[PDB]
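*Asks:* Let me give you the structure first, and then I'll get to my questions.
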Ligand SMILES: Nc1nc2c(ncn2[C@@H]2O[C@H](COP(=O)(O)OP(=O)(O)OP(=O)(O)O)[C@@H](O)[C@H]2O)c(=O)[nH]1
Ligand SMILES: Nc1nc2c(ncn2[C@@H]2O[C@H](COP(=O)(O)OP(=O)(O)O)[C@@H](O)[C@H]2O)c(=O)[nH]1
Ligand SMILES: [Mg+2]
């Protein structure tokens, strides 16, 4: 849903050509091909979990896509029904996917607040600006490289930290597993 | 239809087929070891189950 | 679907009911730079409660702040004319508190 | 699953139905007779040897 | 596949087409909001024959509403199922023809028709594989009978291989609502005979007679007449949309019904038609259906079939029935009524079966019979035309628009030539 | 290692192919999805299905057939039916626009863009086989696309393959019952086309089969499916000798060498016996003598022709079940003894007989019952001239005034094409008359 | 209050004899067609051979 939301992909047409008799059911292999062709990344477990109950109970060949289209198109607009004036659709902003990896499940976030305060105080006293080195290090201008080069910049400006608080900070601010973005880091150390 | 090999002059029937038991068809000895699912169900219905 | 500014549009219209022969007329007024071909919505005719039936609407089935079905479109009556208000109290039929059209 | 035949009203019984009752049978046969070979059609056992 | 587009002309044409589209939408389970709510899987297999799919999942007919006055289309829009039509397909002028065929064919229509030709070209090129066009118009009204026939001429000139059927309502003497009917009727027939691939004639007089005698209802109305016409229209092309034992579409019907290229005027009827109180007591069978089909009073025309001989006849059955019974019934009819059937073509009746009955009926039949009895219509129309034309009455209203009397004389001569050569095959023998 | 390919063109061909293929699948034990069940086998032996099917390597089986039409309705119905998984998706060839009962349309205009795909599919199917016996083709002869596409297909196959045998099972219009009005025209044209291209042709008009259903099966309102089931039973009884062991087997090539006295005369009419319902099938013994008497009975011919109006040239009869050769000999002796049946003098012995051990199979929900014995008859007789004469009369009645001629002329056909077919039919009549006279 | 209610707008926009057909004539499902009664049944490898002969005169239809 989020990928269709942000990339603005209309999956309606690419299913119609494979169901010329308006039956609303297409073979599973063609479903896999068309869903992979639409540039959205696919995982073996993700493909199997998309098979789930969208397959018909009669043999592993047929798959009904009308329900899938209804479920994925609800985000753009509630165009399915117009004959209820009280019901109102919801303007859309990106729903972040909830997952244990991106959340600090244990409660130690209070010391993260203390570290943020300490960094803010020291950067205010020393009036150090270091976004330029971050934006210089990367070349895609999207997200900074992993922490092994991130510590180099944090040590270049005289402000190093021990293993514990660095581990907490990098765990908090890491994304996708190995990459360590920086723009949100600067927005967090905000004045 | 095949006559019994013992020379009694009687045709073979359903009760002459048993898993692990030999037969005789024209000077040969056949040993049967397995049968399909349907045959197993049919024999159980009569009351003469086949062997493992 | 494809309008960048909007996702849902609200069309407003006025409903006229005639006591002479129990017929209903509905039209929507014009809006300047509306970009919509706007005019008469339903001719002066008797409208059955359900499609393809012979059970028509009467004045006792009309009220403010209620949903009404007109050819499988569900209108929501928000307010009524001032003159209509004396009619219901003259006939003795209780009316509801009107809301505003969002 | 035999047919109903539960409506067998005596008040409307014809004379020749009342006389020629089913003799030498427990009851009235309803199943149409068919030979053995049509009943055991396409019935084959299989063994591995 | 093999879809057809729809073009409507005149007030009568728009009134007919509105009920036709309501009937079709009810048959296919499309609500007037354009949202499918059917129950049978066969309701959506061949919907592309008449409909286009738009983003958002609603269905829009491929119909074009063309006229010389905005009032009647503003009225038909406000009716039920009137929101289906795309607002871009509405094309209209502001002046009007005023029941003047010359004005509607030379002055105003010739100037206006470029836009409607553009939209027709767009609709025809949009489809995957065009099958044909179908037109509904009246031959008594100026703007319809003129602008529509010029449109037919241009469409035929642009698409020489496709099929062109027109449902035409001709003026009757008993029921007349216009003083200048014969003039534009003759002028319309002149152009229609040369261009139209198929033509089906309907009379308000015959519709009233049917509504008064068969249905036995006290107050016939234009709604009921349009309902008759719409059911008859849908019966012809039902077999193109639904599976049948014997498939037969419009091209097959034309090939099997038209003996010679200039004889393409057919007269139609529908069965069963029963009164409200007598619906529970009648039984629907093939013999009953075929007897009510071949009943003379059930025809939708003032032409009386027993004053002439049938050239060919066609019946389109709907429902589940046996082909043996159907064929024996048609053979029995042909054998018992051998005097009314032309003899130098053997077994001159065509049959077809479609397994999907009309909505609400166990069985139904549509009849299309090419009979030689229609010449009386043309004879009476020409009689009135020449009676009015020997004195040049109302002639200046046509001659002031660049048209002369030579065209009137040519139209009359061609009309009489059609009548004569059409009667020739009635008396021709082997 | 013996194979045969069946070609179904036109609505009638497709609708009879449905029945024959469901019958074949039921007879060979293949489920509608195409997979033989893992358990619950119904028949012994191997490669019995190899005549009509081809093993995919692992699992299912594929028919050796191709479906043609210029209208998508029937093909879509087949592709939506329960047999969707059986046929290969690229042999249900469908067009866009129909011929609309026009032989010129189906032969000159819109069939030339589909015959290429059809022939490519035929080549692909024929490459798989190794001992190809011949081709079977089904087509209603009074229909535009059927007639035209059959003409084109056989014309191409006669030169691409040559000596390979082709069998055509046509459905001629009834003497007085018909559904169209121009069918004599394209019937004459297609008879012209297939006379010089077909090895064996069978007359299977509908009125006689209607009468058979009314009399024997006791059905007053039959549909086309019963007729198709009877035709399918005829096909199965005809082809059972290729895939089932018998006392006297007969191949496809054993027909042209025994039933065709002269290359021109290869039109035959079929008879089948017994046709009987379950309500009365078990009250009589159904002996071979009585079933062959029923087969020779004139009112049971599947074509509306009277064998009593002409002499017999030769006869072909195939028995399946538990029939005995001495019973067959006695029955043939009695038939020869009978006086109302007469053969030509220059054919002293006029019977070719076949015996098969596999009894006919029964389709659930059908009309026929289960019998131990059955006989199918293919006979060549001089009586077949009357149908040609009556269609010639009907053709002349309409061609006197040049009715409907423009609808064929406008699609590339020359004006004189009708005439040559006309004298070809007249010459066929004269050939029958010349052969039938005594010496 | 029997015929005094009539008005032009109400009268001309009401169908009298072409409304819904009375029931007991609607009893056909539009979903079912030919080739679906018999070739869409299911088909069985082993059939049921039981046939019953009742002592009731068959109804004529
Ligand atoms: N035996 C039999 N004949 C049929 C059947 N259906 C149609 N016919 C015959 O076919 C003739 C007309 O041809 P169609 O089957 O309708 O179709 P076609 O031959 O492919 O020609 P087109 O209609 O142009 O597609 C009719 O005169 C019928 O006699 C059927 O189911 N069984
Ligand atoms: N069936 C039917 N005929 C109508 C209707 N309204 C008008 N007519 C006929 O149409 C004729 C008038 O044609 P007209 O509408 O003026 O044609 P136009 O000039 O093209 O709009 C009259 O003689 C009527 O008989 C209607 O609602 N239904
Ligand atoms: Mg056809």
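This deposition comes from electron microscopy, 3.7 Å.
Backbone N, Cα and C atoms are what each Cβ position is placed from, and that goes for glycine too.
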*Asks:* Record says F:11, F:140, F:144, F:145, F:179, F:206, F:228 bind GTP. Source is Swiss-Prot. Which of F:71, F:279, F:284, F:290 does it list for that same site?
*Replies:* F:71
*Asks:* Quick one: pull the CA-CA distance for residue F:144 (GTP binding site) versus residue F:254 (active site), whole Å only.
*Replies:* 32
*Asks:* What three-state secondary structure does DSSP assign to residue F:140 (GTP binding site)?
*Replies:* strand
*Asks:* Within 10 Å of the Cβ of residue F:71 (GTP binding site), how many other Cβ atoms can you find? Include all protein chains, please.
*Replies:* 24
*Asks:* Using a 10 angstroms cut-off on Cβ to Cβ distances, just flag whichever of F:11, F:140, F:228 is the loneliest among these binding-site residues.
*Replies:* F:228
*Asks:* Please list the binding-site residues from F:11, F:140, F:206, F:228 whose Cβ falls under 6 Å of any atom in ligand 3.
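*Replies:* The binding-site residues passing the 6 Å Cβ test are F:11.
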*Asks:* Of F:11, F:140, F:144, F:145, F:254, the recorded positions listed, which put a C-beta under 6 Å from ligand 1? Please answer none if none do.
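*Replies:* From F:11, F:140, F:144, F:145, F:254, counting a Cβ under 6 Å from ligand 1 as near, the near ones are F:11, F:140, F:144, F:145.
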*Asks:* Pop the Cα-Cα gap between residue F:254 (active site) and residue F:206 (GTP binding site) into the table, whole Å please.
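*Replies:* Residue F:206 (GTP binding site) and residue F:254 (active site) have their Cα atoms 28 Å apart.
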*Asks:* For the binding-site residues listed here (F:145, F:179, F:206), tell me which residue's CB has the most neighbouring CB atoms inside 10 Å.
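*Replies:* Of the binding-site residues F:145, F:179, F:206, the highest Cβ count within 10 Å belongs to F:145.
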*Asks:* Going by Cβ pairs closer than 8 Å, show me which of the recorded positions F:145, F:228, F:254 neighbour chain E.
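*Replies:* Cβ contacts with chain E under 8 Å: none.
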*Asks:* Please report the distance from the Cα of residue F:11 (GTP binding site) to the Cα of residue F:254 (active site), rounded to the nearest angstrom.
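*Replies:* Computed Cα spacing between residue F:11 (GTP binding site) and residue F:254 (active site) is 30 Å.
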